[PDB]
Amino acid sequence: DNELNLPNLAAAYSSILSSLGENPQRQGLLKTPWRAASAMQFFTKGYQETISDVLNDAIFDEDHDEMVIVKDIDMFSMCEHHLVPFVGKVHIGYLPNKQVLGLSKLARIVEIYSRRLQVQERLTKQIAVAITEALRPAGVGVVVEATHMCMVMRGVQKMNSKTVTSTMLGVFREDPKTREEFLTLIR
Amino acid sequence: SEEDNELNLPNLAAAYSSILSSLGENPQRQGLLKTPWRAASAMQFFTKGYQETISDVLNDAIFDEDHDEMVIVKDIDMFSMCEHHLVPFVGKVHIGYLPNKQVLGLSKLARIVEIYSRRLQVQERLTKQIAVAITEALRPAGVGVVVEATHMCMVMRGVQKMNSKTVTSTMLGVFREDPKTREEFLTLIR
Amino acid sequence: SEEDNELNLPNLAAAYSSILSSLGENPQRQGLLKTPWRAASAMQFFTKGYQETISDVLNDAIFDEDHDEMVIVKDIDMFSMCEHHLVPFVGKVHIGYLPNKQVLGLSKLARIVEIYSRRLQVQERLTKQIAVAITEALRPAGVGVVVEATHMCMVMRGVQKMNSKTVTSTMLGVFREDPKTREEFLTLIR
Amino acid sequence: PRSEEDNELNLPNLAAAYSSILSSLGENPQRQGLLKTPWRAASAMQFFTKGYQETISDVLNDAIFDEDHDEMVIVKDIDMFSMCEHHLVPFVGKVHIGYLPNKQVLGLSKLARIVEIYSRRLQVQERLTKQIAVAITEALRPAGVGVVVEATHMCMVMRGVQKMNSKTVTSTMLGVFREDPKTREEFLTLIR
Amino acid sequence: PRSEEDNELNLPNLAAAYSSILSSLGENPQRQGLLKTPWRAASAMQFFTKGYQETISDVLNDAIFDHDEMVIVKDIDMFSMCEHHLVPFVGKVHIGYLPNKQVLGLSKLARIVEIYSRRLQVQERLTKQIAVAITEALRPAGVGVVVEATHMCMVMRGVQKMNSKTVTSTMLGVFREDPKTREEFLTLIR
Amino acid sequence: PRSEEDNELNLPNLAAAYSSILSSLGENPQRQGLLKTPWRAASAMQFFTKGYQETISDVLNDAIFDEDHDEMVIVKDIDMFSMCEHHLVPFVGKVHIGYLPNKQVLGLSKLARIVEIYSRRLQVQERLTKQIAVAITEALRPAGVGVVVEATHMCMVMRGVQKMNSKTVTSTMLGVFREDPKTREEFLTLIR
Amino acid sequence: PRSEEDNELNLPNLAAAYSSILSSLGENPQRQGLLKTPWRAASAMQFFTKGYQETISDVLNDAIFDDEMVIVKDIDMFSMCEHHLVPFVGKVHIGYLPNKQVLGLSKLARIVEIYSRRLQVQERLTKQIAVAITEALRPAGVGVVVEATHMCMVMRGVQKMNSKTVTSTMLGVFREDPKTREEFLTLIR
Amino acid sequence: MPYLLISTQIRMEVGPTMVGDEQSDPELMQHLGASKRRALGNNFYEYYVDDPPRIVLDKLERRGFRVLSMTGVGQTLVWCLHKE
Amino acid sequence: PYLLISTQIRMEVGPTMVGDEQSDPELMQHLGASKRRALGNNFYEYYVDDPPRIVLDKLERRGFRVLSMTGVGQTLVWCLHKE
Amino acid sequence: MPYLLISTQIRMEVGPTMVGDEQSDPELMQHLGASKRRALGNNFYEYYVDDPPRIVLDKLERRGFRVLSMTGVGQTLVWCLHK
Amino acid sequence: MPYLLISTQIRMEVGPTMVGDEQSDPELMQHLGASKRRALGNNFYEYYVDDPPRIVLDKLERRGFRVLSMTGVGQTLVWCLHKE
Amino acid sequence: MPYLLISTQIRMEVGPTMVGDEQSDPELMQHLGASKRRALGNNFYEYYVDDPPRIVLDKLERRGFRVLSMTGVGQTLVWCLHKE
Ligand SMILES: Nc1nc2c(ccn2[C@@H]2O[C@H](COP(=O)(O)OP(=O)(O)OP(=O)(O)O)[C@@H](O)[C@H]2O)c(=O)[nH]1
Ligand SMILES: Nc1nc2c(ccn2[C@@H]2O[C@H](COP(=O)(O)OP(=O)(O)OP(=O)(O)O)[C@@H](O)[C@H]2O)c(=O)[nH]1
Ligand SMILES: Nc1nc2c(ccn2[C@@H]2O[C@H](COP(=O)(O)OP(=O)(O)OP(=O)(O)O)[C@@H](O)[C@H]2O)c(=O)[nH]1
Ligand SMILES: Nc1nc2c(ccn2[C@@H]2O[C@H](COP(=O)(O)OP(=O)(O)OP(=O)(O)O)[C@@H](O)[C@H]2O)c(=O)[nH]1
Ligand SMILES: Nc1nc2c(ccn2[C@@H]2O[C@H](COP(=O)(O)OP(=O)(O)OP(=O)(O)O)[C@@H](O)[C@H]2O)c(=O)[nH]1
Ligand SMILES: Nc1nc2c(ccn2[C@@H]2O[C@H](COP(=O)(O)OP(=O)(O)OP(=O)(O)O)[C@@H](O)[C@H]2O)c(=O)[nH]1
Ligand SMILES: Nc1nc2c(ccn2[C@@H]2O[C@H](COP(=O)(O)OP(=O)(O)OP(=O)(O)O)[C@@H](O)[C@H]2O)c(=O)[nH]1
Ligand SMILES: N[C@@H](Cc1ccccc1)C(=O)O
Ligand SMILES: N[C@@H](Cc1ccccc1)C(=O)O
Ligand SMILES: N[C@@H](Cc1ccccc1)C(=O)O
Ligand SMILES: N[C@@H](Cc1ccccc1)C(=O)O
Ligand SMILES: N[C@@H](Cc1ccccc1)C(=O)O
Ligand SMILES: [Zn+2]
Ligand SMILES: [Zn+2]
Ligand SMILES: [Zn+2]
Ligand SMILES: [Zn+2]
Ligand SMILES: [Zn+2]
Ligand SMILES: [Zn+2]
Ligand SMILES: [Zn+2]
């Protein structure tokens, strides 16, 4: 699909260069339709992935029930409304129910959904739901903090603005003590 | 309206020219020739929120996501004008809300800040208006708004307390009724 | 021109709609319905520097002063677009100059950053265009320009070096010839 | 437990395996910079796994004192260096330990020594975290123990997902640190 | 240069050597947590040394464009392997150069860091190789390279100096001959 | 309590012991840099243990005011320098004290002087923390007292485990500081 | 150099002196908390002064290899003041310019350990590290900067809690060439 | 309508006391001297009186209600009454 | 004979939780209850939109009497018994 | 005046015990040995005794009061009595 | 043995339900299908069932127990029963 | 002395159980096997037993006491008993 659609993406980017008043034949722009098309395919590579392949059977037994957190996961996504990046960090916490996920898989799960055309809220929920369904834990908490370039480089132009979204499932929603421990430990 | 702006611009410039003379300055010196007009235009821009309505600002950016989770837009730069002294008060606005199946466009929360902050104000009123506008536009489970600002009237003059900052808070719906929702909001805006 | 923008907006929207389909997405889903138009408008705003000229931007804000001392406008937020990948590069611009007989209006130094940054660019060219525009408009003793930026093409993809930053530097007139002037500039922009 | 005699006997086998790795990577084991590497890499790996040579009893060394002390004791910011058992690559960070004594008080340094027994092994963060908490619980029989491990896994930064800033935080709360949220909150406030 | 064919042919030999290491350390290669370790450790080690599969020409990919300014790419995350102990040394690389009619693609400076750092190395060699590669590819007026790294061999073992950092510097062409060019570079990388 | 006359009488015995230490380390007590060391090291050790010369009553010096204040009083970031009784090596840090007066308010400086009485002795962190809290409780009879000590033990950084960043935090909460979690939370928030 | 046989013979003398110090301070060496203190204090003092047992040649091991600036900075340093027998602690920053011989990175830290684990004065310690590197490698030049908190100035005496002593030694090109010294001081920040 | 829920916040000695919801008996609300309001952001109306809860409990006994249970939840003290 | 009902945050408004997976299906139907499973939860629950005062009156008509009422966290719980 | 509310804070074994409000029966407050005060910033007066709540409960039983309910709210332990 | 204490945490609709301590009636614990455990760091054994508390309350009524009181404490909901 | 207050902290299945104050019936405290103490900083004495509260409740029934109410406050579980 990527190979077949690459010329169509490059034709659209070349057309955009002309429609902006630019010269697609100028040295600095000659390869731009192809490079922009490849970059856009990389930014949306999460559509190529499934949870099962990403997990790669990296689920292990851990009888003792302790909170596990993977925080400060760098996240790079694309706003679906403007096709402009929104970037930041994801902090994930969960309380296992005898099954523990491979540490890196929590970051790989962030990669499946972040590398798509998105809205922060949907992205946050998808990460929490994927972990819930893969591990069946007592609960999951996900916090996403991001700078949307559509609010800084244009529009409202609020230089310091940041969006924070939160999803708390299972014991992370029902038990405030579990949620408080998670929020204290991700600082 | 923009017609009101054009009609009132000469009156504002005449008042600023009169202020320059009453302060002992020379409105005819090079540095002050265009000042009545530039000060008048700046004051119109600082009060442009009077020209806006919530409906136009929202621009139908209300979506349907099955979201029942906390949404926050924090560190929104805010620039307002003190209505008592006509001197700026500037800072940050942090907004949180719990949607009730209607999710607002992220930028619209900052645009709502712009409607009310670009007016002659008091921090308490500005804080409450932002929270009430979001509540009426979305009908969410709750809204929380925190405004932190430096008032130049307390630093450049008067009491002259260089480090002083005013913090105002408004908590509506579940943000007032449920301390756990308010605590999650205050923890996440740090 | 703004007429060019109106005429080309449907062509840009058609190209963005085509990109949505070519990526495997559904242009008919709620979240994407207005995206071809919104993405087209955002791209026109990111490249609005092509609509400007130095003369209009300067707006005759050149004052005659007995000032032969260093003037700096630093930490000017800059948002540009890489011409190779059509992905943003963002950061700060620090400008310094030694006036001869003419001093430029402070805000015009930031407006000059806006004429050139709101284009498809390469950081080196951007840096040089800012320094040359100030040199030609004012004929000063010298100009120094430092641009520090994060390129999203090196962070979100490619090499994926999260902390990498590009710093370019242009030193003209006394800023090149006199190391003492350039050292004072670099010390004062920290 | 692994002995110093076992180390001497297995050192040539480890050096032969590291020399083989150098050849299998396309490198030249005969070049100046690599001549002593099979032996130096083997010694480094034995040092990184020296925790297998230790016992809780020897490490405690009878450093248990008596006291009418029923107040919170914390040893925080204990530098920790471990080896991921999945990739044989380091994971490094800090351990913060808290406990509420029950008439027996552990010697301050022993809390860091307990971190050393378990961290100097082929591990997983979760196992390491519970082993430290369980060792303190069994040695002192206190009212409760809390252990927080924060670590950078080099397998998530230098390779794989390559998330430069990612950090893993694991927490184990036993006795009153689990049953009483007020005790756990005092612990988490004091380790900041 | 090493290839994916050599990689796949040597993978079982690497896995056999890692399985042998597990047994020689007193561990049980049959326990659940260690079953796939010989293969995962082998793959990680060939990724850490993937620099032997590369050449400067392929990495540059003809990204040489046709300036009078200092160009710097700083805070490039670097991950290498100490050749003496086979333990990581990690940190940052800061590169500066003065072009002479040829300007290198920004990302290639980070790609050059990747060729040499993904090998068994000594910090001094790595620093010099990066500077020499840029010098030969671009023929600039000069190049400066600063590498700062934590060696895990000095923190996790041996001397165990937790805060120790190694800083190595290579200055070629005008970066060596002209102290003013070197000083500008060192000031701009802070 | 140790007296200034005891100090004068024991100074030559301390100097003889420090001179013996110089010889036993392989050093030359006759070299210029070491000639006065037995006497200076003896005086320094007497200063580090000057808390044995003091009593709570003399230290308080009747600085108890009867202003009926029913609000929280805190003296934080009190620099503390003590000596480990097990190794005779310093442990240094900060003491943060909070109390809720009942009918008596203590003079601000006396809270720091109370830290000086107990810290300038051969100690263990736990005991020091408890002694400061008990002295304030007995002197003022307040609604409650909270004491937090944070210290770096040089025995855990310069030697032994050699954990460069390790810190010990001890806490003692008496009266309403133990019984009311809201009072303890206000105290811990205000000492940050 | 002090030997392990000397340590076994002198360890009881140190312990007997610390037991005597405990009595002379008014303390009870027989109380539970002090019973092991004479031996522990003695062993701690031997460890603090273990640098007298070491020579540069043993430390140099297999770590010399055959013209760019090399720096090892933020080396944690723990020493003992020879005037009061109280610790002074901080960091050592070392820079050198090789001349056909490069030293193993770790050995620069081991050299700090030989001289710091002794009874000292900051100035002598700083000079000994620079001289040892100069004689071992014969480089173009060496620069050594020591920053330390002296506990004798913070826990007693003047009681200046923020005071820090900074000593510097510049040899060869680090002394003769100000551009080399400036590059060193800029890179150790 | 046999069940009644009444409540007070922060201190038990002082009002306001919440005495009803949208579907409460209007005659009973009028008898207690209650006012109707909707706090901002809330999806419901409530009835309240300025009286402390002890006064409300005495008035409710004269209307046939007995306290079945009293509980604290957060900073709210609640009474569940039953007309028997 | 036993029933547990609850409401969160405010007592004047629903939803009111009126049952679990093993609750009497006829009683749940009578109250007009819906069945759901909140995300991440290992159990189903029955709930009504009515405020708890309305549910208590409906349950009295079914023979239930309130034995105890308690607050726990932000949840107000009633324990009823069919006497 | 059939209902009475009494309370204690932090520990149940020691007073003060709050035994009334501004509109409390003055004779009952005098009988308990209660004092009247207004804590700073409060919009109301309260009656209190130094006795622990167990002593107050025994005194109120001799006046015809019976404990109907006891509850905790924050750090306050409350008894609702009836005669 | 007239008194019984039972409890559940976090949600009332789902188990586990704590039904006893070390000195609880072994026959009653066996009747309820309870398991015995000691949570790590605890100085006591406890009996628990997987059933939600409503099921346990119905089983206890068939054994002669009646609920005297129900209370929340932290995140634990407790019932005090009496064999009357 | 008809009223009694007993309590336990953190977990209901294990002691200590507080069974009295300074003015408690000394014979009843002796019968329960209670010890008297004063926690540091406290302005009062308390009686306590090592037994879990369920055991104390059974002993108190044999002395004529009945549980009137049980409540949670903070991390303390309290029973109010009455001799009837
Ligand atoms: N909740 C949510 N909303 C999201 C994103 C990403 C983007 N959006 C928001 O879509 C709205 C589109 O509005 P619109 O049609 O009026 O466009 P436009 O005139 O260009 O707007 P503006 O930018 O204000 O100038 C904006 O409000 C934008 O913020 C997300 O993750 N979550
Ligand atoms: N609550 C509130 N108050 C606000 C603003 C903005 C301003 N104000 C306050 O109006 C008061 C005016 O008093 P006044 O007449 O005595 O004036 P003046 O002598 O000049 O005063 P001073 O400044 O002391 O010299 C001041 O107290 C000022 O702070 C706001 O946002 N919220
Ligand atoms: N000097 C300079 N260079 C600039 C920009 C903006 C971009 N570039 C650089 O053009 C090069 C293009 O090379 P390429 O064809 O190989 O592309 P591609 O495979 O996608 O690259 P990569 O990113 O490595 O994956 C890259 O090196 C890029 O960094 C700038 O401002 N200044
Ligand atoms: N819970 C836990 N998990 C741990 C460690 C240490 C490592 N792991 C995790 O083992 C998984 C192995 O998966 P795998 O076989 O697919 O390997 P591989 O393809 O090389 O993976 P990747 O790294 O993604 O490239 C990874 O997820 C890794 O993170 C720990 O302490 N705790
Ligand atoms: N110049 C330079 N030196 C480097 C590296 C990487 C490593 N090394 C250094 O090789 C030396 C080898 O000595 P050796 O045989 O005695 O080893 P060993 O007993 O294990 O040492 P130690 O660590 O003290 O225990 C060490 O000094 C090590 O630091 C580098 O990048 N640049
Ligand atoms: N609770 C408490 N403990 C304290 C102090 C001060 C010191 N200590 C601890 O006494 C223990 C003595 O043990 P030991 O005999 O085995 O000595 P030694 O081999 O030298 O030990 P080590 O240092 O590991 O080499 C050590 O654990 C030390 O930390 C304090 O304030 N509170
Ligand atoms: N240059 C140098 N000097 C050093 C050390 C270590 C210590 N000293 C200094 O010896 C002096 C001793 O003097 P003294 O005899 O008068 O002792 P004493 O009354 O106890 O002094 P004081 O501490 O003031 O109370 C002090 O000045 C001390 O600072 C070092 O590294 N470098
Ligand atoms: N929200 C109330 C508690 C409450 C929960 C449920 C019902 C009634 C009240 C408080 O915080 O005070
Ligand atoms: N989790 C509930 C409390 C609760 C505990 C036990 C049973 C029922 C409810 C809350 O925080 O509101
Ligand atoms: N404010 C009381 C709680 C309370 C609420 C309502 C009525 C009475 C008491 C406390 O924190 O202890
Ligand atoms: N520790 C319990 C509360 C509790 C206290 C006393 C007895 C029983 C339970 C909780 O936090 O949920
Ligand atoms: N201080 C008790 C609560 C309490 C208040 C009032 C009376 C009794 C107990 C706790 O935190 O557990
Ligand atoms: Zn957008
Ligand atoms: Zn004002
Ligand atoms: Zn690019
Ligand atoms: Zn790994
Ligand atoms: Zn090494
Ligand atoms: Zn010690
Ligand atoms: Zn000294």
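Its PDB record attributes the structure to X-ray crystallography, giving the resolution as 1.9790 Å.

With the PDB entry as reference, chain E is termed GTP cyclohydrolase 1, source organism Homo sapiens. This structure appears in the PDB under the title "human GCH-GFRP stimulatory complex 7-deaza-GTP bound". Per UniProt, chain E has the following entry under Pathway: "Cofactor biosynthesis; 7,8-dihydroneopterin triphosphate biosynthesis; 7,8-dihydroneopterin triphosphate from GTP: step 1/1."

In the nomenclature of the PDB entry, chain B is known as GTP cyclohydrolase 1 of Homo sapiens. The UniProt entry for chain B carries the following comment under Subunit: "Toroid-shaped homodecamer, composed of a dimer of pentamers. The inactive isoforms also form decamers and may possibly be incorporated into GCH1 heterodecamers, decreasing enzyme stability and activity. Interacts with AHSA1 and GCHFR/GFRP." What the UniProt record of chain B gives under Sequence similarities is the line "Belongs to the GTP cyclohydrolase I family."

**Let's talk about the site of ligand 7**
Around ligand 7, the structure places F:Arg40, G:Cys81, G:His83, G:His84, G:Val121, G:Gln122, G:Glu123, G:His150, G:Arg156 and G:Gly157. Flanking ligand 7 are residues from chains F and G. Contact distances for ligand 7 include 3.1 Å between a nitrogen atom and a side-chain N or O atom of G:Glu123. In the complex, the protein chains occlude 56% of the 640 Å² of accessible area that ligand 7 would expose alone.

**Let's talk about the coordination of the zinc ion (ligand 19)**
For a metal with four tetrahedral donors the ideal donor-metal-donor angle is 109.5 degrees, while six octahedral donors give ideal angles of 90 or 180 degrees. Residues and elements named next belong to chain G. Here the zinc ion (ligand 19) is held by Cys81 (SG), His84 (ND1) and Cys152 (SG), and the distances to it run 2.3 to 2.5 Å. Site description for the zinc ion (ligand 19): donor spacing in sequence, C-x2-H-x67-C. You can see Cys81 sitting in strand 2 (residues 70-81) and its partner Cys152 sitting in helix 6 (residues 151-154), a full 71 residues away along the chain. Exposure class is identical for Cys81 and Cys152. Each is buried.

**Focus: the packing of aromatic side chains**
Scanning the entire structure with this criterion turns up seven aromatic pairs over all chains. Plain terms: the ring middles of B:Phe175 and B:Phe185 are 5.4 Å apart, the flat faces sit at 70° to each other, and that makes the pair edge-to-face. Of this pair, B:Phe175 sits in helix 6 (residues 174-177) while B:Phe185 is found in helix 7 (residues 179-188), placing the two residues 10 residues apart along the sequence. A single burial state applies to B:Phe175 and to B:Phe185, both of which are buried. For the ring pair D:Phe177 and D:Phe187, a centre distance of 5.4 Å and an interplane angle of 65° mean the geometry is edge-to-face. Taken as a pair, D:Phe177 in helix 6 (residues 176-179) and D:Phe187 in helix 7 (residues 181-190) lie far apart in primary sequence, 10 residues in all. Taken individually, D:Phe177 and D:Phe187 each receive the classification buried, so the pair is uniform in this respect.

Basis of the calculations
Residues numbered from 1 in each chain as written, not as in the entry; some residues may be left out. Chains lettered and ligands numbered in written order. Part of a larger assembly, values for the part shown. Heavy atoms only, no water. UniProt positions renumbered as here; feature names shortened; annotations may be inferred. Near = heavy atom within 4 Å. Polar contact = N/O pair within 3.5 Å; in protein donor to acceptor, adjacent residues only side chain to side chain. Areas by Shrake-Rupley, 256 points an atom, 1.4 Å probe, with all protein chains shown as cover. Donors = N, O, S within 2.8 Å, 3.2 Å for Na, K, Ca; no water. Helix = DSSP H or I, 4+ residues; strand = E, 2+ residues; numbered from the N terminus. Buried < 20%, exposed > 50% of the residue type's maximum accessible area, 1.4 Å probe, protein only. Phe/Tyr/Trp six-rings, centres within 6.5 Å; stacked < 30°, edge-to-face > 60°.

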